[PDB]
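As structure tokens, one chain now follows by itself in the form deposited in one PDB entry.
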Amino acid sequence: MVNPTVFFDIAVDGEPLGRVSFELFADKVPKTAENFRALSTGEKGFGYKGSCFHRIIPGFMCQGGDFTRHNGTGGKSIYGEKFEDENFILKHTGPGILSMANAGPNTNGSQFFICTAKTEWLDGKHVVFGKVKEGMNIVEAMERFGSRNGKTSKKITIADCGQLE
């Protein structure tokens, strides 16, 4: 049992910005990784496909997963409306980490953010469950189209996504 990999063809307002890829730490956070896997691949008939990045904060993070709301509250797991924080083994060690946005303890579901720095201020508050494998330079471009008030200077989206297992 190894970590699944995923891809996302990132699109800014529909213009292809490039493929990006991530690894999902099933090896430590199986619930979170599996929950996310299915949402990226779209195999639950919803999820990440088209569901954008809603808070892009340069050198902080790129939050997304607004697939049922549009304000940083969308998303629920494949098993149900929230699940627990699995653990805090994996920490916000630097940019290119990936962690579950939640509403506090045991309220994580389908929002994540790409850490675009060492988001150690979030250590103990969010489930790190992935990392950028590839297209880190596209995440760096995505941030140019962020702001800091999170509301982007351009709509950042996923044209397509799936697994690269």
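Note that residue numbering begins at 1 and tracks the sequence as displayed.
Just so you know, the form deposited with a small molecule bound exists too; it's not on screen, but the next bit is about it.
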>> Can you work out whether residue 73 and the small molecule are in contact in the bound PDB entry, taking contact to mean some heavy atom pair no more than 4.5 Å apart?
In response: yes
>> Considering non-hydrogen atoms and a 4.5 Å limit, does the small molecule approach residue 41 in the bound PDB entry?
In response: no
>> Taking any heavy atom pair closer than or equal to 4.5 Å as contact, tell me whether residue 111 reaches the small molecule in the bound PDB entry.
In response: yes
> Contact between residue 101 and the small molecule in the bound PDB entry at 4.5 Å, heavy atoms?
Replying inline: yes
>> Is the small molecule in the bound PDB entry close enough to 61, 122 and 126 that every residue in that trio has a heavy atom within 4.5 angstroms of it?
In response: yes
